[PDB]
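# Working through the structure, step by step
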Amino acid sequence: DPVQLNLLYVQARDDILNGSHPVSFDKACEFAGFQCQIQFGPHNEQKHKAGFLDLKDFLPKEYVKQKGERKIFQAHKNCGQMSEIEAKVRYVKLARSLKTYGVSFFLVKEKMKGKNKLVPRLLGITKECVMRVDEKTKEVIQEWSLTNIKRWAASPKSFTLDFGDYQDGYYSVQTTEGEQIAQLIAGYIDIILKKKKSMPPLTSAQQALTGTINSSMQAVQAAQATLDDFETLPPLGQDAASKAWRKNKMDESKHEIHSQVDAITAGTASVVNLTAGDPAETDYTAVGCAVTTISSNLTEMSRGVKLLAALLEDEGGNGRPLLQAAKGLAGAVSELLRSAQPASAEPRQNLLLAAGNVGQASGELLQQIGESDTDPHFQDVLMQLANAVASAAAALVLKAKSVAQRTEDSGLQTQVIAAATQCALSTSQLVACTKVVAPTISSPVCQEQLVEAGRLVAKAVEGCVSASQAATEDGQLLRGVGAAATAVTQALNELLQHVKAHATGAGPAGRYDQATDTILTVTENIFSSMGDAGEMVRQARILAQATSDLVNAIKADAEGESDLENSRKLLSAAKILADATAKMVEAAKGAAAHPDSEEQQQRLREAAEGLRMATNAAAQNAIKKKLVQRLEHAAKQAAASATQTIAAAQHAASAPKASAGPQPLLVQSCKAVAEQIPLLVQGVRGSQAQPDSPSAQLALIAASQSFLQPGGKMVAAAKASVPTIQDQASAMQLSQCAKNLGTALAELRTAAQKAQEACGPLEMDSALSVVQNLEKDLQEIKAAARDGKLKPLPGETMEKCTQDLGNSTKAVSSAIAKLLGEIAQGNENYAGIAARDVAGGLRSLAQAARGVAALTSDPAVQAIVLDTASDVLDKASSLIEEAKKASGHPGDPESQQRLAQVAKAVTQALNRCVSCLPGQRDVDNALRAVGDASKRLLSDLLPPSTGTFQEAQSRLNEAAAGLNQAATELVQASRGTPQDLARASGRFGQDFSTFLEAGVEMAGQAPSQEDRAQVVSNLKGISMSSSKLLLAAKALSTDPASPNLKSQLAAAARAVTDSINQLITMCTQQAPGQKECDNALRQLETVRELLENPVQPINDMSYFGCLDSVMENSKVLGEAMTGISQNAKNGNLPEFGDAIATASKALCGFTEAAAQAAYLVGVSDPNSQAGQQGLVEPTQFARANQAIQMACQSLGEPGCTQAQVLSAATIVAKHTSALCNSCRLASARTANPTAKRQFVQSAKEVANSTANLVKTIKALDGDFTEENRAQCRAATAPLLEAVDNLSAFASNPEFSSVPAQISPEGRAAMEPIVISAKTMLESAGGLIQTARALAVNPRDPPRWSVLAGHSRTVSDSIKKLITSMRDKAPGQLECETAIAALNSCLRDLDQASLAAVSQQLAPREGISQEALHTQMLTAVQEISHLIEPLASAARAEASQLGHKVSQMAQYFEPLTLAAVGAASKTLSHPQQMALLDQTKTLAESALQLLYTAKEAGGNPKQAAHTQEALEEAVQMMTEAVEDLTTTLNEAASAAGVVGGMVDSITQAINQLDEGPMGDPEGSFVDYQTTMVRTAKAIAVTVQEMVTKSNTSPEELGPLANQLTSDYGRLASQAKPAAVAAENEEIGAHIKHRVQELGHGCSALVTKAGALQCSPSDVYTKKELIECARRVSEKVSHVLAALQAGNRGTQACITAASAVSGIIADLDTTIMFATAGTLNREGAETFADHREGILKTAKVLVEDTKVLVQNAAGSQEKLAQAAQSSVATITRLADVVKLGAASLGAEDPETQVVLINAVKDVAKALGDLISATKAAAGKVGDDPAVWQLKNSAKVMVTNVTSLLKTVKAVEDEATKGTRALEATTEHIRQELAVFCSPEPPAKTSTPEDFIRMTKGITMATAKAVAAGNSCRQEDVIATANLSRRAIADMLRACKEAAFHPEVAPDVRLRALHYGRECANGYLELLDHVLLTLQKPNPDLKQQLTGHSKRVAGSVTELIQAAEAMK
């Protein structure tokens, strides 16, 4: 039956056509062809064209718009004319052919694995299969059987399905129809199952709190026990330095106990605050954090007080009271922790009583210590204020109780009663927290706790107000309102008193306390607002008022005082103030007169500084002192926070005791800061004790600035350790301490900077006094030595004293080099810094010398070390004196020469002081033996005896073997006792004497004089290398454990054996033919000794690099061993020798590569850490130096031949070029600005001397003039002096290195390479000896057998070493481990999401959601910090790669845990799914990055595609991290909590201050404009925050988040702008102002968060308003500092924005005039406005030409140019609006064309402004200036168009002419805009495209109509309308062009179509102009054809716009 077949065809056609069956384009085309065969019959070639075949019912509606109609037509022509029933059967057969037929299909948006994006996938459901299906190919991309599904999951937004068995991971896809998908697949699964035939009960959070508190109480008891015993102290003696040690340790212990009692009081306050909530609501882990803070700081306090008690009991004072106080505190703490236990059922009053007891106990303890400076009057005030608040709250409770008595309704009454009880409870809690916090009120964290209690009590008061309002409008409501007002006012008074005592300068105030403070603040503002005339002059005027008031007051007080002399002095001070104010006012007037002249602004700033200086003398120097006390408060807070962080880190890292992870790095940083703290405390105390001593203030500033760096490192390490720590309470405590340390460090930066400007320059007068005090102290040490009682300080061991003495001498020499460099740069204050560094190094040297004297027992040793140290100190005192005399007055060559002589003297003294140390011995004796032997070689070489030339030559060869032996003995002894190396050095000296005796014998015994030159040169070289070797041995002697010194010694041994080889190759005759084998074996021995101990790299080239080098050198060794074997077979001497030499060079290269590979494998072990490799590579530096001295010595010898002269010149050029390169790299690598400056200066000086020497030697090449040779000799010296200055400077131990610390298992994995290479070297030495024998005897069987054996042993060792190198391959085992870990985290997240679908996820009850989000955000921050270095390692090196992958894994596990928690807590299912999905995206992107990094593996040979995969993985990871960070930040800012906002701002400040500098990409101007944009954005954000505070306070959150992210953007670009500015003062100012604004923003955001959490508080709103005012002032200051950039111009940005505002005004006028609102006023004519326009336009073109001529030059003239240009354009716009008014609204199109003309003129001026900005002070031939003139031409064209338009719009005769030509000009510039490819800001959708295309159709219809009409009215109307339409169309098309989601092909097609349309309309416009000109009736008829081409262009534009979406 064919009917059923037709019905099957019907169903198939229905399914395919309607779109309910997934089918791709092609098989749809064949099904359409079958449709043609059925219902259109056989195809006819020409009858089946396009246009008639309706496609809607003929192809699937989803694919009809594919518009491949032609393809369909030839498919039809192909289908044939064959019968139709077979068409039906083929239709049904092809229907059943597809896998996609007969089953349901759903479009479900799927998330691609790795991105936060979505792609539709047509999921299908089958009786047998579940298959994903791509939308565009409609073919199965992946398949799943039903029988494997276990639990699907339906949600109204998503449908998640699982498999478990097949693929680890589940199927997540979101869709609106999840419910029916799930129920449908449920039924299909059911049929497959059918087919088979057969509160005393504590919560877990409370349990964890109980555990933490029990452990803490155990620690409290075990710390209470240790108190009873005085600890001990090491014997110290009455040494003056030891007395200072005792006092310093006493002071440090006092400060430390103060910090921990601060921490204990804050912890108890926090316990009170947190436990106040209802149970089952408290943040229990925060309570645990508080108890751990208490107990940890208690144990450290017990240690501190034991030490302090011992130190006191040495003095008369008794330690029993202090022990009693500490034991009382410990008992109070133990009782509190007894009360805080959740299981206890005591009333809350017990806990509050315990907290009060802790407060009083800590107060008593602080009284005993002698540190509670907080005056007892202030504690009295606090207590009476808190009691006043309690009384007022009691009164409010009375009123509330009365109201509850009056009211009647049940339920309401209990609400009122509950509110009253809450008020009473919260005020009692506030009183008790005040009791707790009173003794330790300086600590900010205590104050935060107390303001938290205050916020709680205010919230309860507002609750009481609401409860009163529940009543009914009685006078009792008025009384309740009154009671609330007193309670809030009383709380504010306590909070205000509180904040006042937060930062109190001191007890006494002084008589000018307030006036001086105000002038300080206003001068600070004047300094801050550099480069802004208005702010400067306003601040100058307010300053003048304040200081005039101060002068009046001081004059009145001078009248009051009675003594004639004192009154005269005070009146003179008043006179000085008045004079300074008069000069400042004059400077301000001058600045205001010429606002944009930087000279006047500099004069005003200098006048303000002079006023400050006068004030410091007019009164007691309060301003300097005031800034000093602010710094002291900041430094005390920083030290206290550092101690708290150290305590937290120690307590947290003890439990896991993991040698991996970030704890060991944290421990090293903690130790560094713990040795840095006492210096800060000592400086603070020195400044506290001496207020008027400038040296103490400078020492304090220096101590704080030094503390800044290690503090930042601890902060970073602590932030990195938090996610790893398993103890949540310890983790939170460490996190809080890290945040507080960061804040304190930022404020320390700001305060230290402020003081450094405050205190004058160091003047290098303090350094002289410091070295003088060192001399006097050392004299007293000498006196004590004469007493025979000089004792060692407790920490000093004689070996450590030696090491520190060596380091101090090197640092002193480096700082002397700095000082000479700075003086040579001329009269610098940096010379003061250099003098300070010299003095510091000298203090360290004196300390080490005293220690060395104390440890040693011989009186003569003590006397001699004291003598040499005092000599060093006095020589350096003379050096400092000469430095002062030099920096006083520049321009004196005698100054530089005398400074050089004194530096030489002090360096010699330093070397004596090192050598004077009797520990190292016989190194000086051996060095002197070398020197004396060299000098006896030096002169009159004449052979004393001929002897036997050849036999004594053999003797010389034996002496060479002996010298090699002795050098190998040195390099071996370098791993033994210092006595071993000393005796080895002596033996080497004796052997060198023997060898040089043989050398001097053959010096004269050689007949020819050419050989005499050879021997003398080679002997000088050998002597110099030996001297360097002995100096390296000396360096080892003074410091035995350092591995860099050991590697230097091995390198020196290599150099000496190399020089031996050079001498034997050159001078000794080649007659034996075996000397090259001798040199071979020498090098073999030396390089084996290099191989023996791989702990530092002897090379830079990395692991896979050294594998490549091993491959290459194994190839060379193979070819050379074949060569030597065959040449021994053939007995050919010269090539045999050459092949042996090549084999030996290959062996040496191989052993260098294997040593480096061993070192790399050792470092790559997880436990081991690497080092920073120092600045200048030591071995290369030494080689370059020695080459330079050798070349200059070659130039030094009198007989100058051309060959040697040119060789020396080339060698010097090459080596000094490499040296300057190294200096530049070092200056680009270091962080000390002085280091950068001096490295650059040294590079400049060495380059200058190199150029001088090169020019002199080029004047010498080919001339040989004796006077020219003398000139060369004279110029030789400065190069050596410069390279010596560089060697001295770059020897600073700070630059040197940090030895890599190798794990023991690291050495275990290191050994195999060393073993195999040692065996190979032994085999190769044997082979060399056998080959020498073969050279002796031509043939012998056993010898050839052993030669083959040695060659095969070499080969086997090579193969084994290669096997080990390839099999280890560091960085691909821990990558596998990390990948497994990340996949486990993926499974955990996927299972959590699956649980969360069907609503089974259990919200953990312990911790608050905010803390979970903070946990997630810290983990995300760490992963974000790690991403980039992981990529960098995956590109270059392997060891760092392994470390990075391990770190990323350890961070990715706790992030998963916290994400599960925070998703569980959230209730809104879409939000929790968002968190789970973004976290899963981050995990997936990390997994992909680890895959691609294990692929690349740090192999530079990796394919380009793997590098591309790595880069795209990194970009995916960065995107995922930023997406998750934004989700978390927004979700945390929706709630009022502000945490991670102030954290991010302080972190951004810190990141701004530190980091790497490189002079980055980009100029200054682009950074300036972007960052001025950001500054404007933050200013308008804070203003919006101000308005939203009053209006609607729930909008404070998102605004705060926006402000924090904007400040992060501002501070990310601040450092590159700072380092890119043409002057460093400018960049410094920008950095300082950005940091100060950071402080302001942190404060403002804290206030905004507080207000959003307490919306109705009258006072926090106030403080928010003043914080916003302050941050607005800071934004004004940073904008002003950005205006100080001459390059470009801030005037250009302001001009661009002003003309943009003008354009906005003109567009508004377009709107008004088009609406017809713009009407005539009176009888205003148009002609007068026309002359106005003409004048203004001529002035505008003059402004344009003056701008183009002024574009290159100072900022001033360009500023007037731009300002005048903007003034002229706005005046022109105003007169244009007036003229448009004069034209009346009756003809709006004329006004529209006028405004469009002036508006495009404004656009041209804006483009001209941008062009002028891009070309400021450039060369004449830069492309920017050509672009500028192009812009000027465009501006001229536009203004001429305006001129002609007005000139002939006076009359209507030429309306159409001008309108039409203006329109064609504007379309021409539109197509010109298309000529330049740039992306439009917006990207529009095709709906606007259809709109604009319909507009074009209407415009062209009206164009044809107007052309027919030839009437000016419709012509100008068409001109305007079509101009706007076409311009807007092209704008939207370009918006769609650079839009990434639009494919490049269709964007190009759309550009083609738009260009065609624009052209066609342009020729249409020229044709309408032709139609207007001549009557042209045929041309008017032709316009129709132009319209037809326009319509075709419109059609293709419709196609292009419809194509995309």
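Residues numbered from 1 in each chain as written, not as in the entry; some residues may be left out. Heavy atoms only, no water. Residues with missing side-chain atoms left out of burial classes, pairs and counts.

This entry, as listed in the PDB, derives from cryo-EM and reports a resolution of 3.4 Å.

Going by what the PDB entry lists, the protein is known as Green fluorescent protein,Talin-1 and is assigned to Mus musculus. The header of this PDB entry states its title as "Cryogenic electron microscopy model of full-length talin without FABD".

In this section: the overall build of the protein. Secondary structure summary: the protein contains 63 helices and seven strands in total. In summary, the protein has a C-alpha radius of gyration of 44 Å against a globular reference of 40 Å for 2005 residues, a match within 12%. With the C-alpha coordinates aligned to their principal axes, the bounding extent of the protein is approximately 125 × 105 × 105 Å. (Helix = DSSP H or I, 4+ residues; strand = E, 2+ residues; numbered from the N terminus. Rg over C-alpha atoms; globule rule 2.2 N^0.38 Å.)

Here the focus is the sheet that holds strand β6 (residues 158–161). Strand order in the open sheet made by the seven strands is β4-β3-β2-β1-β7-β6-β5, with antiparallel pairing throughout. Whereas interior strands pair on both sides, the edge strands pair on one side only; in this sheet they are β4 (140–145) and β5 (153–154). With eight bridges joining them, strand β1 (residues 104–111) and strand β2 (residues 118–125) adopt antiparallel strand pairing. Within β2, the residue paired with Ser104 across the bridge is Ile125. Packed onto the sheet, helix α5 (residues 178–195) meets β1, β2, β3 (129–133), β5 and β6 and runs at close to 30° relative to β6. (Pairing = 2+ DSSP bridges. Contact = heavy atoms within 4.5 Å. Axes fitted to C-alpha atoms, helices over the stretch in contact; angles between N-to-C directions.)

For side chains bearing opposite charge, pairing can occur when the charged atoms are close. Summed over the entire model, instances satisfying the criterion amount to 61 salt bridges. Where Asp765 meets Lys884, a salt bridge forms, and the shortest distance between an N and an O atom there is 3.2 Å. With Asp765 in the loop between α22 (728–758) and α23 (766–787) and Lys884 in helix α26 (residues 859–888), this residue pair connects regions lying 119 residues apart in the sequence. By sharing partners, the salt bridges in this structure join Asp239, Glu796 and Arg850 into a single network. (Salt bridge = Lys/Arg side-chain N within 4 Å of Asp/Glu carboxyl O.)

Let us look at the side chain of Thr100. Along the chain, the position of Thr100 falls in the loop between α4 (85–97) and β1. With a relative accessible area of 4%, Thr100 lands in the buried category. Each residue touching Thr100, except ones within four places of it in the same chain, is listed here: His21, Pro22, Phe105 and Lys138. (Buried < 20%, exposed > 50% of the residue type's maximum accessible area, 1.4 Å probe, protein only.)

Right, let's talk about helix α16 (residues 533–560) for a bit. Each full turn of the α-helix corresponds to 3.6 residues, which orients residues three or four apart in the same direction. Here α16 spans 40 Å end to end across 28 residues, near enough to the 40 Å set by a 1.5 Å rise per residue. Backbone nitrogen of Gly534 and a side-chain oxygen of the N-cap are separated by 3.4 Å at the start of α16; the cap is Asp532. (Expected span 1.5 Å × (residues − 1). Polar contact = N/O pair within 3.5 Å; in protein donor to acceptor, adjacent residues only side chain to side chain.)

Leftover empty space is mapped by rolling, across the atoms, a probe with the size of a water molecule. Empty space within the largest cavity amounts to approximately 220 Å³. Lining the largest cavity are 16 residues, with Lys1046, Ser1047, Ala1050, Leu1090 and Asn1093 sitting closest to its centre. Those elements that provide at least two residues to the lining of the largest cavity are α32 (1043–1066), α33 (1075–1092) and α35 (1133–1163). It is α32 that provides the largest number of residues to the lining of the largest cavity, a total of four residues. Taken together, the residues of the lining of the largest cavity sort by class into eight nonpolar, five polar and three charged. Here the second largest cavity is characterised by a volume of approximately 190 Å³. Along its surface, the second largest cavity is lined by 20 residues, and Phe1889, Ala1936, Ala1950, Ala2000 and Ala2001 are the ones closest to its centre. For the lining of the second largest cavity, the secondary structure elements donating two or more residues are α60 (1886–1909), α61 (1912–1937), α62 (1944–1973) and α63 (1977–2003). (1 Å grid on protein atoms, 1.4 Å probe; cavity = no way out; pocket = protein on both sides within 12 Å on 5 of 7 lines; lining within 4 Å. Points joined across faces, edges and corners; volume = space filled by probe spheres on them. Nonpolar A, V, L, I, M, F, W, Y, C, P; charged D, E, K, R; others polar.)

Moving on, we come to the pairing of β1. In this structure, the hairpin formed by β1 and β2 is closed by a connection of six residues, where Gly114 is found at a positive phi of approximately 125°. Relative to strand β7 (residues 171–174), β1 runs antiparallel, the two sharing two bridges. Within β7, the position partnered with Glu110 by the bridge is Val173.

Here we take up the packing of aromatic side chains. Two measures describe an aromatic ring pair: the distance that separates the ring centres and the angle between the ring planes. According to the stated counting rule, one finds 10 aromatic pairs in the structure shown. A centroid spacing of 6.1 Å and a plane angle of 50° characterise the contact between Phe34 and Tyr91, whose relative ring orientation is tilted. Of this pair, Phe34 sits in helix α2 (residues 25–39) while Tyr91 sits in helix α4; the two residues are 57 residues apart in sequence, bridging distant segments of the chain. For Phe34, a relative accessible area of 11% corresponds to the buried category. Overall, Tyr91 belongs to the buried group, its relative accessible area being 1%. Among the aromatic residues, ring-to-ring pairing joins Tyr9, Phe31, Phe34 and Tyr91 into one connected group. The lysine or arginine in question, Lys88, covers the ring of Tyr9, its NZ or CZ lying 4.3 Å from the ring centre. Taking the ring centre of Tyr830 as reference, the NZ or CZ of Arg1237 above it sits at 4.2 Å. (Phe/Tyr/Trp six-rings, centres within 6.5 Å; stacked < 30°, edge-to-face > 60°. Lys NZ or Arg CZ within 6 Å of the ring centre and 35° of its normal.)

Turning next to the environment of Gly1325. Mapped onto the secondary structure, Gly1325 falls in helix α41 (residues 1304–1336). What makes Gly1325 buried here is its relative accessible area of 9%. The contacts of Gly1325, once residues within four sequence positions are left out, are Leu1081 and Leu1084.

The next thing to look at is the nonpolar core. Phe707 and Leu842 are the most contacted members of the largest nonpolar core, which has 93 residues in total. Broken down by element, the residue count for this core peaks at 13 residues, all from helix α25 (residues 830–855). Not counting residues within four places of it along the chain, the set of residues in contact with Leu842 comprises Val771, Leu774, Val812, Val872, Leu873 and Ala876. (Core = buried A, V, L, I, M, F, W, Y, C linked by side-chain atoms within 4.5 Å.)

Bringing the packing of helix α15 (residues 513–528) against α16 into the picture now. In contact at an axis separation of 9 Å, α15 and α16 are set at 160° when each is read in the N-to-C sense. One element, α15, and the other, α16, form an angle in the roughly antiparallel class. As α15 runs across α16, the sense of the crossing is left-handed. Contact residues: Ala515, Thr518, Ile519, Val522, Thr523, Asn525 and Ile526 in α15; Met536, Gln539, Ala540, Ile542, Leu543, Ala546, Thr547 and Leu550 in α16. Considered class by class, the residues forming the contact of α15 with α16 number 10 nonpolar, five polar and no charged. (Parallel < 35°, antiparallel > 145°, perpendicular 65-115°, else oblique. Left-handed = near helix turned anticlockwise from the far one by under 90°.)

Before going further, it helps to examine the environment of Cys433. Structurally, the position occupied by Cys433 is in helix α12 (residues 412–437). Note: C-alpha distance between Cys433 and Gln545 (112 residues apart in sequence) is 44 Å. Excluding residues within four positions of it along the chain, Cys433 makes contact with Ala269, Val272, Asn273, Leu450 and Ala453.

This brings us to helix α34 (residues 1103–1130). Look at α34: 40 Å from first C-alpha to last across 28 residues, which is about the 40 Å you get at 1.5 Å a residue. Taken from the residues just after α34, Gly1131 is the one with a positive phi, measuring 60°.

Before going further, it helps to examine the packing of helix α8 (residues 284–314) against helix α19 (residues 622–654). The packing of two helices is summarised by the inter-axis angle and the distance between the axes. Running from amino to carboxyl end, α8 crosses α19 at an angle of 100°, the nearest separation of the two axes being 10 Å. Relative to α19, the element α8 is oriented roughly perpendicular. The residues of α19 that touch α8, namely those facing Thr292, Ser296, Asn297 and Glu300, are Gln644, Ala647, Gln650 and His651. Its residues assigned to classes, the contact of α8 with α19 shows one nonpolar, six polar and one charged.

Below, the discussion takes up the state of the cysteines. All told, the structure shown has zero disulfides when counted by the stated rule. Here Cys79 is not cross-linked by a disulfide; its sulfur's nearest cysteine counterpart is in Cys36, at 5.3 Å. For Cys79, a relative accessible area of 15% translates into the label buried. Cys433 forms no disulfide, and the closest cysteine sulfur to it belongs to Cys446, at a distance of 10 Å. The exposure class assigned to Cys433 is buried, which follows from its relative accessible area of 0%. (Disulfide = S-S within 2.5 Å.)

This part is about the side chain of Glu1870. With respect to the helices, strands and loops of the structure, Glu1870 is situated in helix α59 (residues 1855–1875). Despite its burial, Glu1870 pairs with no opposite charge, the nearest such side chain being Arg1931 at 4.5 Å. Contacts of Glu1870, omitting those with residues within four sequence positions, involve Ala1927, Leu1930 and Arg1931. (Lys, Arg positive; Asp, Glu negative; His and termini not counted.)

This part covers the pairing of β4. Where β3 lies against β4, five bridges are found, and the strand directions are antiparallel. Residue pairing across strands places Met131 opposite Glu143, the latter belonging to β4. Taking the residues that link successive antiparallel strands as the turn, the β3-β4 hairpin has six residues, and the phi of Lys138 there is positive, at about 50°.

Despite not being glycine, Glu763 shows a phi value in the positive range, around 60°. Its place among the elements puts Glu763 in the loop between α22 and α23. Residue classification places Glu763 among the partly exposed residues on the basis of a relative accessible area of 46%. Residue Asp922 is not a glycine yet carries a positive backbone phi of 70°. Assignment of secondary structure puts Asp922 in the loop between α27 (893–916) and α28 (923–938).

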